[PDB]
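Asker:
There are 2 protein chains.
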Amino acid sequence: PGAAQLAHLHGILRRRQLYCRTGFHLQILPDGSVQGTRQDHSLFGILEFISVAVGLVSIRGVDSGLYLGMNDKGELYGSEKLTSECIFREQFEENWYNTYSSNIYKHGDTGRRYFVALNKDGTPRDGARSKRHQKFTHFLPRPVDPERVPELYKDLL
Amino acid sequence: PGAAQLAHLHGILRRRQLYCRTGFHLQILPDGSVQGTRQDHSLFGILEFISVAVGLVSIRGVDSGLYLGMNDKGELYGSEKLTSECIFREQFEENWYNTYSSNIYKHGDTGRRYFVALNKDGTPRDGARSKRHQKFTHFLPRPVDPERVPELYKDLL
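In order, the protein sequence lines correspond to chains A and B.
Positions in the first sequence are counted from 1; adding 51 to them yields PDB author numbering.
Positions in the second sequence are counted from 1; adding 1051 to them yields PDB author numbering.
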């Protein structure tokens, strides 16, 4: 084909599963909420990673179509349109587990950044109360076996 | 396009990096040898996973073009053509780390299978001397960021 064809396929090559070290895969539901499923290959767990810049990413739910974004008060959510709240800093942490902080939100005084995180029960943790050294913020990007989520792969088809 | 087009692309969607728990990415060199690099996104570290059957896989080096295979005496190597020695049993182990044993080789007496493994210094370990509970055999499948290995992605292009 052509035009936007090249970039579009690569997005599909960049689809991942974000497994949080507390035992959950980050998912972005259609209603706009963000949470964690213990299920491998969840349909909303299939996230497409857009490499914005060096150390920067944007995570779009392939199924929900929404972009992961963190707001003013540290709360995660699914943004229907890209915004400055949707760009996160991707930093290595330990063992291929990355950490993802807001690219615009931090604690004015300490300078400590706000982090994308999930509690041990799976619900979204308050970005501001989450820290780099805590396991709530560790996220291992995982590969997506397309044959396990066919609905999401009828673009090439 | 057509004919074999559908299956071909999916192979590209199933390219992975096999990170061994002892600190290395399994690579398949052109000379036919198998070893481990500490380098993320090594050019020979980019393996295409062929899901043979349930719990079965075949690993082909994208760059070397060779298929990972284990022989009679537990030694890994890069097979130029598929053989019975190239099919491995993929089993979950802990934390998304899988274990890969020979689908035809085991210890006649104990019944303990032969495992794909790398020592802590990175060289290939003897399949027969490797065990499931040992970290030499733990392998975390990782995603491949195409933009980091362009040479290997000129098929779609």
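Quick reminder that beta carbons are idealized off the backbone N, C-alpha and C, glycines included.
Look up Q1078/B in the DSSP assignment and say whether it is helix, strand or coil.
Answerer: If DSSP states are grouped into helix, strand and coil, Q1078/B belongs with the strands.
Asker: At the level of alpha carbons, what is the spacing between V1195/B and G162/A?
Answerer: Rounded to the nearest angstrom, the two C-alpha atoms are 33 Å apart.
Asker: Is the Cβ of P192/A closer than 8 Å to any Cβ of chain B?
Answerer: So, interface residue.
Asker: Which class does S181/A belong to by DSSP, given the choice of helix, strand or coil?
Answerer: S181/A falls in the coil class under three-state DSSP.
Asker: Count the other C-beta atoms from every protein chain shown that fall within 10 angstroms of the C-beta of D1123/B, then say buried if there are 16 or more, exposed otherwise.
Answerer: Flag for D1123/B reads exposed.
Asker: Between which two residues does the beta strand (DSSP E) harbouring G87/A extend?
Answerer: 85 to 88 is the span of the beta strand (DSSP E), which, as asked, contains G87/A.
Asker: Quick one, which of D1114/B, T1150/B, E1145/B, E1144/B has its alpha-carbon nearest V1108/B's?
Answerer: Among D1114/B, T1150/B, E1145/B, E1144/B, the Cα nearest to that of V1108/B is on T1150/B.
Asker: How is the beta strand (DSSP E) around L1119/B delimited, first residue to last?
Answerer: Its beta strand (DSSP E) spans residues 1118 to 1121.
Asker: Hey, could you find the ends of the beta strand (DSSP E) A1055/B is sitting in?
Answerer: That residue, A1055/B, is in no beta strand (DSSP E); it is neither H nor E in DSSP.
Asker: With DSSP collapsed to three states, give me the class of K1171/B.
Answerer: In this structure, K1171/B counts as coil in the three-state DSSP scheme.
Asker: Given a cut-off of 8 Å, decide if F1100/B and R1065/B are closer than it, judged by their beta-carbon atoms.
Answerer: Yes; because the gap between Cβ atoms is below 8 Å, this pair is in contact.
Asker: Looking only at C-alpha atoms, which of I97/A, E141/A, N146/A, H76/A sits nearest to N170/A?
Answerer: Considering only alpha carbons, the answer is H76/A.
Asker: Taking only beta carbons into account, state which residues of the stretch 1066 to 1091 of chain B come closer than 8 Å to chain A, listed in chain order.
Answerer: So the close ones are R1067, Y1070.
Asker: Helix, strand or coil for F187/A? Go by DSSP, reduced to three states.
Answerer: Helix, per DSSP.
Asker: Please determine, among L1119/B, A1054/B, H1059/B, the residue with the shortest C-alpha to C-alpha distance to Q1078/B.
Answerer: Nearest of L1119/B, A1054/B, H1059/B to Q1078/B, Cα basis: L1119/B.
Asker: Checking 8 Å against the spacing of the C-beta atoms, do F166/A and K182/A come in under that value?
Answerer: Yes, the Cβ-Cβ distance between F166/A and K182/A is below 8 Å.
Asker: At a CB-CB cut-off below 9 Å, which residues of chain A make contact with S1102/B?
Answerer: Correct list: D196, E198.
Asker: Using only CA atoms, which one of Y70/A, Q68/A, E144/A, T134/A lies nearest to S153/A?
Answerer: Among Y70/A, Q68/A, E144/A, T134/A, the Cα nearest to that of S153/A is on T134/A.
Asker: At the 8 Å Cβ level, is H1061/B part of the contact set with chain A, yes or no?
Answerer: For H1061/B, the answer is yes, since a Cβ of chain A falls inside 8 Å of its Cβ.
Asker: Using 8 Å as the threshold, is the C-beta distance between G129/A and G112/A below it?
Answerer: Yes, the pair counts as a contact, with Cβ atoms nearer than the cut-off.
Asker: Does the distance from the C-beta atom of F190/A to that of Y70/A stay below 8 Å?
Answerer: Result yes, Cβ atoms of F190/A and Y70/A sit closer than 8 Å.
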